Amino acid sequence: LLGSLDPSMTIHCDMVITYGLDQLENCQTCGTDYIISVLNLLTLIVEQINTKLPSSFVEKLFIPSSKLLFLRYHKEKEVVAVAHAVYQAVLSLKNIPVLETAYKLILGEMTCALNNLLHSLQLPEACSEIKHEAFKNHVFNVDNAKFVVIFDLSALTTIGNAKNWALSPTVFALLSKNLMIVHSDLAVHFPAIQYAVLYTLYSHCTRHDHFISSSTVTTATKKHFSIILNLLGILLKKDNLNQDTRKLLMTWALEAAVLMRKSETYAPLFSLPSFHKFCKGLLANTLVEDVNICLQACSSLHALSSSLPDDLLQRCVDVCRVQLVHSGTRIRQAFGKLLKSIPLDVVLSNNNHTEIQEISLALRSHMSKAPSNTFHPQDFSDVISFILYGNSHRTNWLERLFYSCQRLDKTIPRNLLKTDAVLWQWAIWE
Amino acid sequence: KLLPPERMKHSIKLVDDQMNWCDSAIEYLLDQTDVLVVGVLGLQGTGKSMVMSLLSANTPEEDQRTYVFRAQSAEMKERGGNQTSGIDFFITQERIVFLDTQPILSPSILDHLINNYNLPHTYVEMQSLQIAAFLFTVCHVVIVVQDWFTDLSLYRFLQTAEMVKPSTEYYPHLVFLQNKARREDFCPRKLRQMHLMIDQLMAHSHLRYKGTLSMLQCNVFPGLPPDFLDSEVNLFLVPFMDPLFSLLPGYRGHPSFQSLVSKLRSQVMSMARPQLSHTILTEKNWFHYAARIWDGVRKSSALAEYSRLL
Amino acid sequence: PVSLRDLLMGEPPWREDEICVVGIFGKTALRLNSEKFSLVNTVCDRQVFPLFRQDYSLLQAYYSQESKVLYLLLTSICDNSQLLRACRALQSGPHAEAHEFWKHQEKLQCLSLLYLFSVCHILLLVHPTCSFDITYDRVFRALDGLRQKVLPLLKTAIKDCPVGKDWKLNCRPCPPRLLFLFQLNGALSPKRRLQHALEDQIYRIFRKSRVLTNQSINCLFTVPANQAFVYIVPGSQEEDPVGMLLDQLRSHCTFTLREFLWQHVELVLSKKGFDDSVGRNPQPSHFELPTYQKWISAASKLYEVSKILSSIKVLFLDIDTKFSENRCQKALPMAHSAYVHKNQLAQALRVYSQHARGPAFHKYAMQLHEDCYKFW
Ligand SMILES: Nc1ncnc2c1ncn2[C@@H]1O[C@H](COP(=O)(O)OP(=O)(O)OP(=O)(O)O)[C@@H](O)[C@H]1O
Ligand SMILES: [Mg+2]
């Protein structure tokens, strides 16, 4: 009956609001068929009464004692879907005064959950600039807080993925500086929170071309590209990153790298320090154990091979030289293509190759140690046969031999075990 | 002149289906010393054959039909039956022995014996103990494969199998492998609980279940500090086999299957190789030693005494 | 949802109501949400158990008025939830003390299981994998022996109860029906074939071990002869709420268990009962549908039950302990016939250690040392 008319009237709002709240306040231990109907009715009520809803409605709908916050803990996915739909409908209102109340309540709950998680690890509190009074003293379990944080982030994606909301803490600023604590220690124990935050930020940034055109609304987004590059470069230099997060970072970095070369009007953007940090992170992601990560980094460096300072090209030359000898054929071809894109004035200059120097240090460290006496006669026979006659009689056999010659009861970096030069030198020495 | 000995394309049976020794593996052994023997133990469908194949001479990119240790077929799981029977033997080009055994306390084996001294249940229970004791006395490392964490009944079986061994007592290393691990099992909070439960469930086992094969040092958990764990037991996790924004893959919360398998294979190849007996044995001598051990285990006294108690 | 002990002490709105008791037990993996709670939540269609909410055994109860079915849940050491607590307590606070501790826990679980089989109509067994565990064959055989021995005490406890005539003689409402529930765990219509194969395997194994006989009166439990009693739970996205939330977030940025249980509950709720016998000469089976107060009158008396402690101490870690004691006793004569005196004592101790060992080696070693020292 309510859906027949259009939101252009002045029907009794108190009657419907009271009717809906009465059923919502007594729908805890109810069947699945009744909760869905109650939530659908609430969504329809919020959508029908556009800009005419008092602050009391949204205020009572997002408090710790509200029944809506406890209805999202259902097991069936259908109940969670309608529960999220209610949040989406409330966050899709055009009335700024009432939208801020719900926004602050959601941020307060998020801060409370984050504080509980931080306290669980014996760490000080944080995010005191978005705290709310309604959650002054509330205790959330690890599983409960971890669940509400992700649920709230997903709910915020409603406004984060909008195509045009002037709130105090903007979505971009919130996810880029307010929730920066999730990358220090919360990432090691709860990587899902970091992944959700990064995914939401990436989804919101990709819809506006990563705010590259601005580098009323244009003047407000005149410094988001630099922040994005700085965040990517800072997070990529970390040597204790998660496998899932690193892949997302590589995809985002490659997309940004390709986008910076789409037009010539972005030429003056290659002189900002953020670009230097981004390039350093890209270089640091190479020579890792993951083949796909190395391929992504190589592709990103090749896309923007030119317009790069000589200081970075010189570093890329050493990386290419080291990757020329790899067990996998894809890495060799990709790095060879990248090396062929560097001018001869840099490839043949007399600067030192630091990656080549690490290899020497590893070989020296292994030679300086005492003999292990683990090289068996069969291994020697195979190695000598491959040199004197050309037949190894073994069907990546060098890595297997190296691993079989080690003993766990009784020092070369693991990322260097994929280089054929190191393996051959070690085998000859043995 | 310095040609290689030979190569194996498939595994061979070391023990017949009727618990009979098979003397057919001596044709692939040499007079070389410092050999490494690896064993496996697990339930009916934990995945012992697949793990042994991927650790000896197979890769995940291959097909299950080329595995050196035959795995279960799609039609076999429909009937609730086992695939591997007896004890299998296989040696790689690196001179490493791999042994694959039949499931312990298998319902399929018992059912098969039904359609054929007191009750078959006791016989099936004694066979598992005999195999476990033989592996414990002739292998350097024994891997235990489990589908779910903490059966609570496998630890008792492992401890009782050790108490009925044939005969400075030698104790091999033990590795706890959790197969088909999920995302919730790769969290530090649950990892600590798993380690604590393992340490408390085998406080008086005498087996070398701790000290080596630490997945924390294999970069599985990049930022986890070593002090987070009170005691690190030999535990490893194996999960289920498997513009630019729209192509992002789903979140799994754990490393790839191939990466973990490679890490486990790399660590198993570096296991210690202590002395089994008070004599330096070669590849050919170990065969005779194992044959004598099997013969003595079959006609033993401790096993008979334990059997008479049921 | 309250504890069984906290429910028998205390009803008027539903005192006279025909109810059917259903028990739940089995092993559960170390998961955030136990599989037993999910079963009750799905059968009742409501969130009965909310999410994020010396003796390591517990019995819970719950009554559903819409279905007139009483649910009883059992949690013990077999569940990783209690085992984690036990290990945590053992970590903070001897090879012989731990053995006794585990044995005591096993005995408590056995007693609870024995009590559950006397006050239930239908029992469900859950397992984290599709493979059938054969240890249950021995567990059931050990339970039947204890049940057939403490029968006089159990019957005398409820002697003065309005349960009925057959109930007072058999100390149970009727022969309970056992149901099995397995988890796919990524395995694999194929489900129907697997269910039939599992049913046949379980029936054959239990029949050979004499657990199931032709007469449904002597057996501890019965299984349907024409209906299905094995259910396989397929995988779903319900578990691991974090993963489901992540999937939903990603999408935003761009028969049944109830029927399987009702087919058996309807028979009890319709006074028909369970008739299962294939010995070519079936005998009548007792059956009685009680009320809330009538059932509580017997449940309270059975829960409070003096000689059970002594009768349960004859019944597993007992075999291991006996084997270890026998081995130690046999090895002691060799060491006692082997031996200033420090060298002889050390040699005897080494010989004894290399001869035999087990879970009771400290006692034998101390006795041998004392005997050797008292002879010099
Ligand atoms: N981690 C895994 N991911 C996917 N499939 C797996 C995994 N582990 C095992 N499987 C599958 O489950 C089955 C396991 O049976 P498999 O033959 O590997 O060994 P098994 O069950 O230990 O042996 P047996 O039945 O002889 O005792 C196979 O079909 C295998 O493909
Ligand atoms: Mg097998």
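Looking at the stretch B:205-310, what helices (runs of 4 or more DSSP H) fall wholly within it and have at least 2 residues that are within 16 Å of ligand 1 (Cβ to nearest atom) and in contact with a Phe, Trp or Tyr (Cβ under 8 Å, 6 or more places away or on another chain)?
B:257-269
Residue-wise test of (1) aromatic (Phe, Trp, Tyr); (2) part of a helix (DSSP H, G or I); (3) away from chain B (no Cβ under 11 Å).
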{"site": "A:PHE172", "(1), (2), (3)": "yes, yes, yes"}
{"site": "A:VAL188", "(1), (2), (3)": "no, yes, no"}
{"site": "A:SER203", "(1), (2), (3)": "no, yes, no"}
{"site": "A:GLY233", "(1), (2), (3)": "no, yes, yes"}
{"site": "A:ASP239", "(1), (2), (3)": "no, no, no"}
{"site": "A:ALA257", "(1), (2), (3)": "no, yes, no"}
{"site": "A:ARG261", "(1), (2), (3)": "no, no, yes"}
{"site": "A:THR265", "(1), (2), (3)": "no, yes, yes"}
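Look through the stretch A:366-402, keep the residues that are of a type in the set (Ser, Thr, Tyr) and either more than 16 Å from B:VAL35 (Cβ to Cβ) or more than 10 Å from every other protein chain (Cβ to nearest Cβ) (or both), and return whichever of them is nearest to the chain's Cα centre (by Cα).
Taking the candidates together, the pick is A:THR395.
Could you go through the stretch B:270-284 and let me know if any residue there is under 20 Å from the mean Cα position of the chain (by Cα), among the hydrophobic types (A, V, I, L, M, F, W, C) and either within 16 Å of ligand 2 (Cβ to nearest atom) or at the interface with another protein chain (Cβ under 9 Å from one of its Cβ atoms) (or both).
yes
If you take the residues in the stretch B:99-139 that are under 18 Å from the mean Cα position of the chain (by Cα) and hydroxyl-bearing (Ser, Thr, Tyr), which one is farthest from ligand 2 (Cβ to nearest atom)?
Among those residues, the one meeting the criterion is B:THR137.
Failed condition for C:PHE37, given (1) touching a helix residue (DSSP H, G or I) at 6+ places or on another chain (Cβ under 7 Å); (2) not in a loop (DSSP other than H, G, I, E, B), with all others met?
(1)
Checking the conditions here, which among C:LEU8, C:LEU39, C:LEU58 is under 20 Å from C:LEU83 (Cβ atoms), hydrophobic (A, V, I, L, M, F, W, C) and under 23 Å from the mean Cα position of the chain (by Cα)?
Of C:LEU8, C:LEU39, C:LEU58, the one residue that is under 20 Å from C:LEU83 (Cβ atoms), hydrophobic (A, V, I, L, M, F, W, C) and under 23 Å from the mean Cα position of the chain (by Cα) is C:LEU58.
Identify, please: which residue in the stretch B:140-166 is part of a loop (DSSP other than H, G, I, E, B) and under 18 Å from B:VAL37 (Cβ atoms) and is, among those, farthest from the chain's Cα centre (by Cα)?
Result: B:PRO166.
Could you tell me whether any residue of the stretch A:150-167 is within 14 Å of another protein chain (Cβ to nearest Cβ), closer than 18 Å to A:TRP252 by Cβ and part of a loop (DSSP other than H, G, I, E, B)?
The answer is yes; a qualifying residue exists.
Working only within the stretch B:59-73, note down all residues that are under 16 Å from the mean Cα position of the chain (by Cα) and either more than 13 Å from ligand 2 (Cβ to nearest atom) or farther than 21 Å from B:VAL175 by Cβ (or both).
Within the stretch B:59-73, just B:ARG70 meets the criteria.
Could you list, in sequence order, the residues of the stretch B:293-310 that are surrounded by fewer than 12 Cβ atoms within 10 Å (Cβ to Cβ) and of a type in the set (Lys, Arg)?
B:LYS299, B:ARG308
Does any residue in the stretch A:70-86 that is closer than 13 Å to C:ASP45 by Cβ and facing chain C (nearest Cβ under 9 Å) come within less than 9 Å, Cβ to Cβ, of a residue that is of a type outside the set (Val, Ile, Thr) and not in a helix (DSSP H, G or I) six or more places away or on a different chain, and which pairs are these?
A:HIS74/C:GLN47; A:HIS74/C:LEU51; A:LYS75/C:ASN33; A:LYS75/C:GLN47; A:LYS75/C:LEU51; A:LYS75/C:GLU238; A:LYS75/C:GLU239; A:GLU76/C:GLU238
Being away from chain A (no Cβ under 14 Å), within 13 Å of ligand 2 (Cβ to nearest atom), under 21 Å from the mean Cα position of the chain (by Cα) and of a type in the set (A, V, I, L, M) is true for just one of B:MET50, B:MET19. Which residue is that?
B:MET50
So that you can scan it fast, the table gives a plain yes or no per residue for (1) surrounded by 18 or more Cβ atoms within 10 Å (Cβ to Cβ); (2) under 23 Å from A:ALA173 (Cα atoms); (3) small (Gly, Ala, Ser):
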residue	(1), (2), (3)
A:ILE228	yes, yes, no
A:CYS279	yes, no, no
A:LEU287	yes, no, no
A:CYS294	yes, no, no
A:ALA297	yes, no, yes
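Quick test of your reading of the structure: B:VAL38 fulfils all but one of (1) within 14 Å of chain C (Cβ to nearest Cβ); (2) within 20 Å of the chain's Cα centre (by Cα); (3) not in a loop (DSSP other than H, G, I, E, B). Name the failing condition by number.
Checking B:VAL38 against (1) within 14 Å of chain C (Cβ to nearest Cβ); (2) within 20 Å of the chain's Cα centre (by Cα); (3) not in a loop (DSSP other than H, G, I, E, B), the one that fails is (1).
Can you tell me which residues in the stretch C:143-162 are in a helix (DSSP H, G or I), buried (at least 16 other Cβ atoms within 10 Å of the Cβ) and not basic (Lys, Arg)?
Result: C:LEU143, C:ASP144, C:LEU146, C:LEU154, C:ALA157.
Looking at B:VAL261, B:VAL233, B:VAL238 in this structure, which one is more than 14 Å from chain A (Cβ to nearest Cβ), among the β-branched types (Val, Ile, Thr) and under 30 Å from A:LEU235 (Cα atoms)?
B:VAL238
Take the residues in the stretch C:244-272 that are touching a helix residue (DSSP H, G or I) at 6+ places or on another chain (Cβ under 6 Å) and at the interface with chain A (Cβ under 9 Å from one of its Cβ atoms); name whichever of them is farthest from C:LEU179 (Cα to Cα).
Among them, the one singled out is C:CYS253.
Out of B:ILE114, B:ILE109, B:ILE87, B:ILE26, I need the residue that is within 11 Å of ligand 1 (Cβ to nearest atom) and either hydrophobic (A, V, I, L, M, F, W, C) or closer than 27 Å to B:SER266 by Cα (or both). Which one?
None of the other options fit; the residue is B:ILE109.
Can you confirm whether A:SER176 is away from chain B (no Cβ under 14 Å) and either within 25 Å of A:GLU289 (Cα to Cα) or assigned to a helix (DSSP H, G or I) (or both)?
Yes, satisfied.
Give the residue, chosen from A:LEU338, A:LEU313, A:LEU287, that is assigned to a loop (DSSP other than H, G, I, E, B), under 37 Å from the mean Cα position of the chain (by Cα) and aliphatic (A, V, I, L, M).
After ruling out the rest, the residue left standing is A:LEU287.
When you go through B:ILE96, B:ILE12 one by one, which is the residue that is within 12 Å of chain A (Cβ to nearest Cβ) and under 20 Å from the mean Cα position of the chain (by Cα)?
Going through B:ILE96, B:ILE12 in turn, just one is within 12 Å of chain A (Cβ to nearest Cβ) and under 20 Å from the mean Cα position of the chain (by Cα): B:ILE96.
For B:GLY81, all conditions in the list (1) of a type in the set (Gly, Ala, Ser); (2) more than 10 Å from every other protein chain (Cβ to nearest Cβ); (3) near ligand 1 (Cβ under 10 Å from one of its atoms) hold save one; what is the number of the exception?
The one condition B:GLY81 does not meet is (2).
Across the stretch A:408-429, which residue is farthest from B:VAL268 (Cα to Cα) among those that are part of a helix (DSSP H, G or I) and charged (D, E, K, R)?
Applying the filter and picking the extreme gives A:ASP420.
If you go through the stretch C:184-205 one residue at a time, how many are more than 7 Å from every other protein chain (Cβ to nearest Cβ), surrounded by fewer than 19 Cβ atoms within 10 Å (Cβ to Cβ) and either touching a helix residue (DSSP H, G or I) at 6+ places or on another chain (Cβ under 9 Å) or part of a helix (DSSP H, G or I) (or both)?
So the answer is 7.
So which of C:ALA89, C:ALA98 is over 29 Å from C:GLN195 (Cβ atoms) and either in contact with a helix residue (DSSP H, G or I) (Cβ under 9 Å, 6 or more places away or on another chain) or within 8 Å of chain B (Cβ to nearest Cβ) (or both)?
That would be C:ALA98, the only listed residue that is over 29 Å from C:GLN195 (Cβ atoms) and either in contact with a helix residue (DSSP H, G or I) (Cβ under 9 Å, 6 or more places away or on another chain) or within 8 Å of chain B (Cβ to nearest Cβ) (or both).
Here, each number is a calculation from the coordinates, and none is a lab measurement. Methodologically, a virtual Cβ is constructed for each residue, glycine included, from the backbone with ideal geometry; neighbour enumeration extends over all protein chains shown.
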